[PDB]
Every structure is written in C-alpha cells, then in structure tokens.
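For the single chain, residues carry numbers from 1 onward in sequence order. Numbering of ligands and ligand atoms starts at 1, following listing order.
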Amino acid sequence: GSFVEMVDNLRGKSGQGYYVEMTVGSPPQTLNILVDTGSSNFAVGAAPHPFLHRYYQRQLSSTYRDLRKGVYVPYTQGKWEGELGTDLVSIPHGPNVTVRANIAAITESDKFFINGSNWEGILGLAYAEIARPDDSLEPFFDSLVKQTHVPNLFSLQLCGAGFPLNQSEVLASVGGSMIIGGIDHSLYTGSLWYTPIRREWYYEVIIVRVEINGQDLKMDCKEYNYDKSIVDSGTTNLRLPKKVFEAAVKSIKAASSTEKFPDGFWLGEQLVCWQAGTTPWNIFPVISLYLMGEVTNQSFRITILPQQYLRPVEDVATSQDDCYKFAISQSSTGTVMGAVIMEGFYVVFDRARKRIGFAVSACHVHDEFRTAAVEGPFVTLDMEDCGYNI
Ligand SMILES: CCCN(CCC)C(=O)c1cc(C)cc(C(=O)N[C@@H](Cc2cc(F)cc(F)c2)[C@H](O)[C@H]2C[C@@H](OCc3ccccc3)CN2)c1
C-alpha cells in the first residue's frame, strides 16, 4: 500500500452513503461529503436544514467567488436548488493540494439530505456531460487534475461491516478508502480486471452475461444495459432494468426455495430476520456479472455473495436477531451497480485510460465457504451488440 495517507479516509454505510472529509473556503470550513460516482456536481448545504448540524457559510470565506447563477439538480431520489460560486477546496486525508473548484451552495432541498448520515454535501465524480446546468460547469475532479499533478485516476474501497452499525458505531468505524490519484495494493486481493468506460458521462459499462449460481440468466445481453449500465456509489442497491429484475428475482427465488420469503422482502421494502448467527447464507445464490474486457472478444466476471446483496439492518425491535433487506431493486433507467455491489470490490476509476478496474476487496464480507471473485478471461463474441443505442 503506497497511499497510506488516504487509506481508511471514508466513513458511512451503504444505506446512507459513504463520505469523505473536505474543507471549503478561507479559513477552511470542514464538511463531510458524500462520494458519488453517479453524478457530476460538487454541492454543499449552505443554509440551515433540519438534518444538518453544519453548513457552508460563504460570507465567512475570503476566497468565495459568486458566479451569480442558480443551479437545480433533480436526482432519481431527491433534489436540491442552489447558488453557484467557486472557492478553495482541500481533502484533509487526500492529496496534499488545494484547488479552486465550482461549488453549488444548496439553499433548498427535497428528500436530499439524510437524517443521521453525518454528511452535508455531495461530490459528483462523474463527467461534465451530466453536470448541471450544463457541461461548462467543470466537475471537481477535472479541476483537481487540471490544477495539480494528481494523476487522472481515483479508486474506491467501500467497506460494509456485514452487520448493523448504530449511530455511535458508524461515527467511529472506518468505512473504506478513496485513493485520489492512484491504486493502493493493500486494498485488494488477486488481480485487477478492467472493463472499458463505454462513454464519458456516467461511468458507463457493458454487462455481457449474467449468472445466478452459475446458471445463465439467458437474456439478450442488450437487456442488461437497457438503457445503460453505470457504476454508482451514490445509490445503495444493485438496480436492474425491469425485465432483468423480473428474471433475476425469479431465479434467486428458485435458488433459495428451501425458505419462503414474503413479497415485501423481494420488493426491497421489508426486512427478514434470523436467530443470531443463523443467517442461511448458503441457501442464497452467488450472482455473477460478466463485463466487456479490454481485449477483443474477451470478458471477465465479478461474483458477489448474498453478504453483499442482503443489506444488514437493525430489527424493528432492536432484538438480537440478524436482519437484512434485499438490496436488489427494479430500475427504469438502466442497471445501477450501487454501493452494495461496490462493497465486494476495490474499484479503480481509471479516467486516464478510460477504463474501470475491479478486484476482490480486502474488506468484503464473506463466510468460510464462499468468497467474492473477479475472474477471467472468457471468450465472448459480439459484445458491442450488448450496448444499447437510443
Ligand atoms: C434513499 C436515499 C438515497 N439512497 C440511499 C443512500 C445512497 C439511495 O440508495 C438511492 C436510491 C435511488 C432510487 C436513487 C438515488 C439517487 O438518485 N442517487 C444519486 C445521488 C444521491 C441523490 C440523493 F438525493 C441522495 C443521496 F444520498 C444520493 C446518484 O447521483 C444517482 C442519480 C442518477 O443519475 C441521475 C442524475 C440526475 C441529475 C444529475 C446527475 C445525475 C444515477 N446516480 C439514491
């Protein structure tokens, strides 16, 4: 591991997001910021909000510059409205550099901030193409690279605990690592496999095959990427296109058929609980996603365990049972490889080489019988046809 200063700089959990500490302004104002590879705006609470115990105070920053422009960002989930400006930004546990970056000062929001998440802003790490108001608003990471010598690459190790973290525990627990400008080899085991970034807007990839316990889901691969497939730390669940979700759930139900679960469970809405330590991991199937490789006609697969797709939640009775929610849900906007999927892997966003790398995470949750995996190569033909074109 060559980036010790950035190792263990993340906190949080899949259900509320993973955040990194940042400072904005002069003198520096410390804020916790949601790491979001699924959007491209850097925005911070800039006005009192019931769920915020701190916010960006522009009038206290001598380096604050007003862009005299409003900004609106409607995500899939919530939304916020703000005022554009620029200011000096640093990452305490990051590269020892300070950059001037665009900042959306959030003045109004709806279903955006999360009670108890401990974060006050969002760091959109994707490309300018999806930045609001438009692509002229340079994203933070682009500014970082243009203004410093930091390599155009970042890597994420999101660490799920495998069990519930109460409010005090999640504040004292290490949630992972965001290595800015490099790859830290202590964060993964085995080899890194790379899939092409199809197009630079979201971190778009192409899934070419899906297996549930080795059984081919057997759908036209274009269905897996309808209308796109993205890697998104800002979404908890693995979200799948309607038809793919229907097929996957039918197969996961068939594989786990020795136990019957209520429809509410499969809808990702209700928890299921087992007596302490008795979660029947073995009845649940592993899920493999095959991704386009960088070599013509070659693919590789990432394999996740139910310890990734079943999200630990506290029992509504705080009892001693081990409880979980099904973290796979339906999408109308394409596949979203969310945080629960990212928790099984060290993910390298190699912007410089337009590729995303995956390796088994040194912090993925597993059991003595099965582990997450990244394996290759596989001969795969016509993978370009798996991509969707509007
Ligand atoms: C339930 C709260 C949120 N949690 C739990 C915590 C992560 C979730 O699991 C969850 C569930 C769903 C169904 C959606 C989102 C979501 O929108 N997540 C947002 C980031 C985000 C927004 C927010 F309001 C609150 C957040 F905690 C994080 C991502 O950017 C999506 C948006 C989409 O790109 C659209 C887009 C639009 C404009 C500009 C750029 C991109 C692809 N990536 C998050």
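- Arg239 pairs with exactly one of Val244, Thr333, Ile328 by the side chain to side chain contact (heavy atoms under 4.5 Å, CB included) rule, that one being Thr333.
- No option in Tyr309, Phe261, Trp281 other than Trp281 meets the ring-ring contact (aromatic ring centres under 6.0 Å, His included) test with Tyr324.
- Tested against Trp119 for a ring-ring contact (aromatic ring centres under 6.0 Å, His included), the candidates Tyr55, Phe51, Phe112, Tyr18 yield a single pass: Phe112.
- Formation of a donor-acceptor pair under 3.5 Å by the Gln167 side chain with backbone atoms of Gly116 is not found in this model.
- Taking the side chain as every heavy atom from C-beta outward, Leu171 and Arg11 approach each other to under 4.5 Å.
- At least one donor-acceptor pair closer than 3.5 Å links the side chain of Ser233 to the backbone N or O of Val35.
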Output, or 'none' if empty, a list of ligand 1-protein atom pairs in which both atoms are N or O and the distance is under 3.5 Å, rounded to 0.1 Å.
{"from": "ligand 1", "atom 1": "9 (O)", "to": "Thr236", "atom 2": "N", "distance (Å)": "2.8"}
{"from": "ligand 1", "atom 1": "9 (O)", "to": "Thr236", "atom 2": "OG1", "distance (Å)": "3.0"}
{"from": "ligand 1", "atom 1": "17 (O)", "to": "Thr76", "atom 2": "N", "distance (Å)": "3.1"}
{"from": "ligand 1", "atom 1": "17 (O)", "to": "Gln77", "atom 2": "N", "distance (Å)": "3.0"}
{"from": "ligand 1", "atom 1": "18 (N)", "to": "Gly234", "atom 2": "O", "distance (Å)": "2.9"}
{"from": "ligand 1", "atom 1": "30 (O)", "to": "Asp36", "atom 2": "OD2", "distance (Å)": "2.7"}
{"from": "ligand 1", "atom 1": "30 (O)", "to": "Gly38", "atom 2": "O", "distance (Å)": "3.2"}
{"from": "ligand 1", "atom 1": "34 (O)", "to": "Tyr202", "atom 2": "OH", "distance (Å)": "3.3"}
{"from": "ligand 1", "atom 1": "43 (N)", "to": "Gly38", "atom 2": "O", "distance (Å)": "3.1"}
{"from": "ligand 1", "atom 1": "43 (N)", "to": "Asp232", "atom 2": "OD2", "distance (Å)": "2.6"}

